[PDB]
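Next up is one chain by itself, shown in structure tokens, the form deposited without the named molecule.
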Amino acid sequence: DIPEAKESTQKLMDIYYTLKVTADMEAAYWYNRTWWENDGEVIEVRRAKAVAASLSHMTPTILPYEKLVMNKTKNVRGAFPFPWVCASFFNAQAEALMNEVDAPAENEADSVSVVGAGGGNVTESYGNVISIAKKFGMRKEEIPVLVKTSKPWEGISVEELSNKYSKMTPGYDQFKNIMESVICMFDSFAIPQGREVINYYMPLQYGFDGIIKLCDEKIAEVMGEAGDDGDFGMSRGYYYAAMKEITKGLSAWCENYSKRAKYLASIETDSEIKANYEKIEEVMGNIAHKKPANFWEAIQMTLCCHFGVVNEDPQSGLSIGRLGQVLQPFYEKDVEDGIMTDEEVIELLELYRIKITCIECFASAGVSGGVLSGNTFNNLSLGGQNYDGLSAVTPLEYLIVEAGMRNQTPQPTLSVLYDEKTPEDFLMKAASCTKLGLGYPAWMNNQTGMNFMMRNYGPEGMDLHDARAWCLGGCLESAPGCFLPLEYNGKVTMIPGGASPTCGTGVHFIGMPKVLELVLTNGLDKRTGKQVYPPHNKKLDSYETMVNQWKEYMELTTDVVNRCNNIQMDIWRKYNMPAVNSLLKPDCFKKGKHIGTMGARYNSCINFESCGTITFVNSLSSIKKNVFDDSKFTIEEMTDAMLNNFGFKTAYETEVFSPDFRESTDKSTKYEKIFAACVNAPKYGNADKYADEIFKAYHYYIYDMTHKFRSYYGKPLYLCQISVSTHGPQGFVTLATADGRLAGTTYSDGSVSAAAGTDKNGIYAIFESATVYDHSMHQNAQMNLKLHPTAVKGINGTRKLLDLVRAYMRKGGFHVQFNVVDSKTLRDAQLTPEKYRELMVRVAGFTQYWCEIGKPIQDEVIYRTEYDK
């Protein structure tokens, strides 16, 4: 039996479910004010001071019952805009509001993206509240503040400045067509940090006073000295001055919370609650200055770091990383020295889940809805191998899983770094949680991930020790880490933490089926009537000619997006470099270089993101067999059949975004034969060598393709292959595909998941298809499986599930995560969301409340093949 959540947790969760996602202006106001007030200051320091003020001048909110405190804003599910990064997705709305004219139409990507209208989402303005970006409720009276705060950034936001230089690239117009058609989902400037792993070492090891001292020492050492380094020698000094500024910022911010706690204590009559507010006062007053001296302080300090970074840029996927290992030394002392019981630690961990669950990413709807479905992917990885190459599993990690069992929330998602060295009891513990159908833990291949680390980051000197410290940035963005020696409790513990900037930035989701579509339609987007690529005017006379034309458009797409996104990120790293993260991320502090100037240890992190791999492979398979091999149909017939949606109503009309519903029309029978050939062509995920060979060929191609390109860090791109929610928006903009998938409906989910309803040879066949290539060639590979709750009943159920995972893991499979749900419950909840407020499902690398998931992804999830055993 899963014990009940703690009383504190229940009370806060009761409050949580009522909350609206809220955007306010304090942080943005204060960042802006301080930024311009320091105009002409050295950039690093100006940036540090503006971030510091945006934190330390905010209203600090503490709720009763809370033990762990802090939030992004004064609101609980709060966020604020970053007009200095980007603003176009809201600044025209806000000015239109101020002018009392109709709000501008959304851009294409935003318009084709759905924010789930339930739960806490504010998808429509109401009362005194404005829906910003189809998701965030902002009080009307702050609209003028939003406008005034955004105005100084015209032409000079990362977005707008980078746009200017992107216009000077030869492929600019081509790039714009790619964005407008949503072939590429979004811009790197939208979330310039994230899909990485934070590193909590510095403040856990030194505390803030200690860090300032370190900065003072470095400043005395290097200010005005270049050494032999004419490039960055002089910059070291400014880096430490900047770090000193942001550290003072974090300190003061903590003190504000301490003060709020002090006040709440003073008006609290409940003896128990008052003692608690006073504990918070002490905790926050302590971590404002001192090295953490207990588990509560330590985890609270990681929260401060985490909110610090997610408040300095719009971002998602700032992973917590391996918290159970990082905090093990603090945990173990407390349970050894009579400070805490395991139950009390469990309480903080349950409560911790609330904090992480409430983290919101303010960004365009294309991002928050089209991509994230609101989840902010603060991924917490478990297990793996420690510095010394032994199992890394800690007692605290069992407790983290326990807390995720008792307090079922979307975040943090838990990711087991599955490794043969992992004790069976922890595997079973994690499996027993996965079986609940909360979506977590997900299971990722420690070994394959380390292999990718060694491969990709080998040129930067990646070794076995650093490779072992890796874990997932965001959902599955395998991200460098390293271990650092934490002195605590009379000993030194090598603890993990991230060691790169963003590993999910560069060329963002390219809808590969849509590119294939435009091969077949001669560069014309038949959905919109706009010419996206110059017409190739090649007769598609063979499979190879078609494929080669696809590659050509793929390479062109990649080139022009890459160049613009380099400019986007380069502008950001030069005029908007991280402050908090540049303090935290090794080796910034050691080298006196911030993340913008390659202070991070590993910078081969920028990448290319695919989307709809299986829809694509399956479409190639159909075209090749039906058109070119069997010569049963002509390419023209195939294309015409695609353009007419095989004679069915389009999701543009039906609003069903899966194969679940298929409404015939007059043209239905005209196409019935080619449709059947399309549906029946070999599909990936069946251990069918015909489809699987195409899938294999694609993987070798895409590896070779991506590595031809260079990021702004001067490193080769590599393949990131997840879907997140992006198969929604991009599926939407794609007409029917040769694999029988109909127009406007979702791409396949993940990257090695079977396309919906095409897996007819069992789970192991999916495993077999997925692993015809070495997953370590790329950053990742994302599999979703859906089980009926009966298939995993009881401890033997638990073990059966674990054995399923191990079977795949052992083949080299990078990742598998499970829904354990009766899909009829989902269909039901879609009908009456008010009845299932707490219902969560796994989508792709994240768990979200069903009611906050837009219909396209719901339909998609509902339709995933359900396995009853």
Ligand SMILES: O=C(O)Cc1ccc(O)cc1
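Residue numbers here begin at 1 and follow the sequence given.
There is also a form solved in complex with the named molecule; it is not shown, and the following applies to it.
Asks: Mind telling me which stretch in 748 to 756, 594 to 602, 311 to 319, 136 to 144 gets its heavy atoms within 4.5 Å of the named molecule in the entry with it bound?
Replies: Of the options, only 311 to 319 has residues within 4.5 Å of the partner.
Asks: Test of understanding: in the entry with it bound, would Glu609 fall inside 4.5 Å of the named molecule by heavy atoms?
Replies: Yes, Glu609 is a contact residue.
Asks: Evaluate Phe377 for contact with the named molecule in the entry with it bound, applying a 4.5 angstroms cut-off between non-hydrogen atoms, and reply yes or no.
Replies: Although the named molecule is absent here, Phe377 would touch it in the entry with it bound, with heavy atoms inside 4.5 Å.
Asks: Taking 4.5 angstroms as the cut-off for heavy atoms, does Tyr240 touch the named molecule in the entry with it bound?
Replies: Because no heavy atom of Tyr240 falls inside 4.5 Å of the named molecule in the entry with it bound, the answer is no.
Asks: In the entry with it bound, is there a heavy atom of the named molecule that lies within 4.5 Å of any heavy atom of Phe186, even though the partner is absent here?
Replies: Yes.
Asks: So which of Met444, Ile299, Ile191, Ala469 reaches within 4.5 angstroms of the named molecule in the entry with it bound, heavy atom to heavy atom?
Replies: Of the listed residues, the single hit is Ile191.
Asks: Among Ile198, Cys475, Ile287, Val158, which has any heavy atom within 4.5 Å of the named molecule in the entry with it bound?
Replies: Among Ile198, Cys475, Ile287, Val158, a heavy atom within 4.5 Å of the named molecule in the entry with it bound occurs only for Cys475.
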